[PDB]
Structure formats: C-alpha cells, structure tokens
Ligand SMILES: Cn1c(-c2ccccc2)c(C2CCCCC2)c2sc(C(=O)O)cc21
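So this first bit is one chain, no partners, the form solved without this ligand, shown in structure tokens.
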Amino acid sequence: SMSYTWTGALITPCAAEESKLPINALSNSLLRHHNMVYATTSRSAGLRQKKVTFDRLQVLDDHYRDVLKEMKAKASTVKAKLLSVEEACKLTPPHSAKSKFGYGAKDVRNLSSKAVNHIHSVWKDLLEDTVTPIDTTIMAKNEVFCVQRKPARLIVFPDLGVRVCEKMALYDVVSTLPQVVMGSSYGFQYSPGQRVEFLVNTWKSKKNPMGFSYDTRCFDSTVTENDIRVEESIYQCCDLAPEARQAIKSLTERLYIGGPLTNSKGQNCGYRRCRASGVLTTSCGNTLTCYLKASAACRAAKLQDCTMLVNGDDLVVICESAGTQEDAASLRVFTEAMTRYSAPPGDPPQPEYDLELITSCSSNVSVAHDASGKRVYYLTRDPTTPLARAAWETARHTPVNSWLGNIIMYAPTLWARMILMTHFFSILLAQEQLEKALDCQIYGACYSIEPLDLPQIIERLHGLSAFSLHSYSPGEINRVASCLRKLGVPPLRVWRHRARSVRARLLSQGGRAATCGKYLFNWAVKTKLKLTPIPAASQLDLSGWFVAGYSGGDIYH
C-alpha cells in the first residue's frame, strides 16, 4: 500500500521559521562562513513528501518467520508494569506540545486536575474503542545542517493526552523488552564507550573481520501494517496487566498502524500507512523491525559468524570475510532480502575491512593515547553537524542544547574538548550562568543538566581517561582540520589560547567552576595537573541514561 496519501493541503508552521543562521556578537568567534549553516523549515516539506511517498511490497519467507519466533520466545519472558497517570505525567518534557483540549505540558507535569481528568478520559476511550483512528498532527522539523540542502524531516504525533496514555501502557515495555529480545545487539543500552568496547571486541572476535552499515531509504516509510502488527504481537508476548493489553491493541489499531494527518491550521493533509515518527514505540518498533529483517537477511545471505548492532533504523553488521568478491556478492544478496522485506537501501552497502572507517550512528571508532601512553579506543564523529548546530545555539536560545549533549557524548574527542568546551564555557562565564540547568537530548530522551556537573558526568561515562587523551590519529586530525576550513572555524591554535583563559577564569572562582577548569581544560596547559577521581561523581543517579532509545517518544528524565 501507499506509505502516505495526500489531499494537497500544505504542511504548515506554527510560528515564523528561520532558515538562515542567526548572528550575534559571539558568532564570528566560532565560525566565519555563516552562509554554510541552515535550518530546515516547513517550506521544503513538499520535497520531503515526494521522497517518503511510495508503494510498499513485502514478501516474507521462512528466515523471517524463524527469527520472529525466536524474538517472541524471548519477549514472552518479559513482565511489564502499567504506569499510573502521575508517573506518566512526570515523564513529559516541560516544553512538549500542548494539548488541543485546554492544557499544556507544564499542567501535565505539576499534575493539574484539568490535565489528569482528560488523560483519564483518553485512557477510558482506548479501553472502550479499538477501531476509531486517532488524530495526528504533521509538522516539519527545524533542524540545523551545513550545506553539502536537505528537505525538512516530517514529524507525526498524537495529542498530549494520548502521549501520556502511551507511557502508561508501554513505557515499561519499550524500556525493557528490546534488550531482552535482542541482547548485546541492542544499541541503546550502551554508553559511547560501551559501544566502542562492543564494536572492538566483535571486530577482534572475527578471524578476518568485515563490516558494513546498512542505510535503509526512509525507514519509517518502509514500515508496513504487517510490520506494526508484527511488533504488537511481540509486545503482547509479555506478561501484562489486562488493561495494558487492551490499550496496546487499541493504540496499534487506532494510531500505530496509521491514521489521518492534520496540519497546524486544522486542515486534513491526507493519510499515513507507515511509521509515525512521533510516537512512544517509534524507537522500539523500528529497532525490533530492523533487527528482525536484518537477522533474516543475514541468514538468506549466509553471512558467516554475524554480529549485528541495531539502534532503531541504524544498522551495522560485523562478520567473517570470504574475500572481497564473495563479500560484495553476499552484501547484494543481503540487500535483495532486505528489499523483499521492504527495507531497500538508500546508499548501497559496502564492505569495510578497517573498523575505523565504519560509520554507525553517525560515528566511528578511533584511537588516541591516555596518560600512560597506552592506546585507547574511543567514539568520534565528523564534527560538521555538531558545529553547525553550536553556531545556531550561540546566537539563539533553543529548547534542546545539542552542544551540551555533544560535550557529554563526545567528551573524549579532540573537537568537543578544544572547541565546544572552550566556546560554551566562555559564554557561560560571561553571563554567569554556569549554575543554570540546561536541557539536552540523548538517544531521544530529554535531560536537564547542570554544566558544572559535566566533570562528574564525563568521569562516570568515559572514565578519567577522557581528560588526558592525546596523540589523536592523522585521519581524525585531518577530518577536524578539514571541517574547520569548510565552516571557517578558527584554527586549533586559537582554541588552545582561548582555553588557557577559560581555564584560568574557572579556577579563579573555586568550587565546581575550578573543577571544570582543572579536568575539562587540563589539555590546554604544558605542565598538566594530576587528575584524581572526583568525590561527588558517585552521587548522581545516572540510571535510565543508557537503557533505551526514545526518538519522538516525548520522554523527559
């Protein structure tokens, strides 16, 4: 069937949208080539609609069904709980889209009776009605990139009342089931460092390793009614409260499978018959579906000693090589199988024999050296998008601070330490806002973070190693340097000078600020200080951080 049907009514914005990089007094210090940075807007949504609208055919064989059976057996060992209204409410981001029914995200969070009462009525309707399509809003995402222009991605989401009900029925399931079903292949369980460890150990476990990333073209669009029903049957394998079962069946039939699309003006835009990007099950359903099709495809292709790593629609496979000719042939068969299962490639997969050249979750393993001169593996990425976004965030206040998420996740990297840390700490010093908590997103979930806690966060997730890495690789150094020329970012020599100042200012304020100076900026000085475990690090509740993915799932921790 067709992934979407359209009426012709436009995908509309709520407010005016900026496409050009906003400029203030801080902009030039980060980036000179302002015309390279842009934000997607609803004005390019038509282009996206064209891309994501196609017919899906699906041919399902024994490998597919055998894997599904295996998945269901593991799923049947899961016991999941219902969340109460209150518990579900507390998982709502404070900035989440307001309800059509007279209350907003903050009314939800502080548990106002107006919000609670409507949510209760939404839940009761779900239990009582299992057929009536649930309304969704379709919007264009405003995301920032460097020119290479990408059309706006589309986001489809039900009302806030429904979203709370999703959490009630499914939060525990989507949080716990994926790891039980997929084990070590479940990508969202890993910190960046645990991800490196798993990739490195998997690579080393092969006699002659070969790996490939598989990019599905518009994965959400390739998801069929069969696929969404199949995932529900996996959910229903769980030990569940009777009301949970009913709500999940109702949400599947009324929401997850498909439904009408309404713009911000209230106009009918058409109909969806594929994955909605803005539902709680987006991450879990995509992960299960990608794992299922790929596992089956590995068997169809007779890939030898396969290990898969799956993060929603993001797939990487490591296996035993049979030489370049048989590998290329094997990947073609893999691709044919995926295509039959309705997961055809965007860019065709290519075999890689250098682990450091495999990109997965926009990232690659690379190598540097710790204090002892001991080689350490770490996760990095091309910094172009992080830096484009940091430029936007320098001149504009944003709901989500990608710079802070990036500092957390990519703390060991040369670009995050020299540029991002230096730049944004300078900004926070000048404003005296070091102590002000800011929102960031990690694996789709929203977190409120104090910048002064960064040293403890980084020590916990990465180890004290992240403050002492040196002698990065030539390929990594070249990629960063190339990126800075492209965007017109000052050379790393300027950043070292800046960091010396940022460091000194932080130290001169004592307490948590000086701790930021000492650990975060120890790289900047010639005569570095001895770095010991920070006492207050084993205190913050980092439980829930790397449990699951929640893209579009409207989750706050």
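Position 1 is the first residue in the sequence shown; the rest follow in order. By rigid core we mean the largest C-alpha set that fits within 1.5 Å across both forms.
One more form of this protein, deposited with this ligand bound, exists but is not displayed; see below.
Open or blocked pocket for this ligand when its pose in the deposited complex is superposed here, using 3 or more ligand atoms within 2.4 Å of backbone or C-beta atoms as the test for blocked? By the 2.4 Å criterion, blocked.
Within 4.5 Å, heavy atoms only, which of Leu83, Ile257, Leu387, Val173 is in contact with this ligand in the deposited complex? Only one listed residue qualifies here, and that residue is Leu387.
This ligand: the contacting residue among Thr394, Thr307, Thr136, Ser96 in the deposited complex [heavy atom, 4.5 Å]: Checking each option against this ligand in the deposited complex, the one that comes within 4.5 Å is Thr394.
With this ligand left out here, work out from 508-516, 53-61, 485-493, 66-74 which stretch has heavy atoms within 4.5 Å of it in the deposited complex. So the stretch in question is 485-493.
Is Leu420 close enough to this ligand in the deposited complex to count, meaning some heavy atom within 4.5 Å? Contact with this ligand, yes.
Using the partner position in the deposited complex, report whether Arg498 sits within 4.5 Å of this ligand, counting heavy atoms only. So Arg498 counts as contacting this ligand.
Does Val37 make contact with this ligand in the deposited complex, using a 4.5 Å heavy atom cut-off? Although this ligand is absent here, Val37 would touch it in the deposited complex, with heavy atoms inside 4.5 Å.
Identify which of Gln325, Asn201, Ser448, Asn208 has its C-alpha displaced by 2 Å or more between the shown form and the other one once the rigid core is superposed. Everything else stays below 2 Å; the exception is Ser448.
CA of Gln509, rigid core aligned, shift of 2 Å or more between the shown form and the other one: Yes; that C-alpha moves by at least 2 Å between the shown form and the other one.
After core superposition, I'd like to know whether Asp439 moves between the shown form and the other one (criterion: C-alpha shift of 2 angstroms or more). Yes, the C-alpha position differs by at least 2 Å between the shown form and the other one.
Taking the rigid core as reference, does the Cα of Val316 move 2 Å or more between the shown form and the other one? Stays below the 2 Å threshold, so no.
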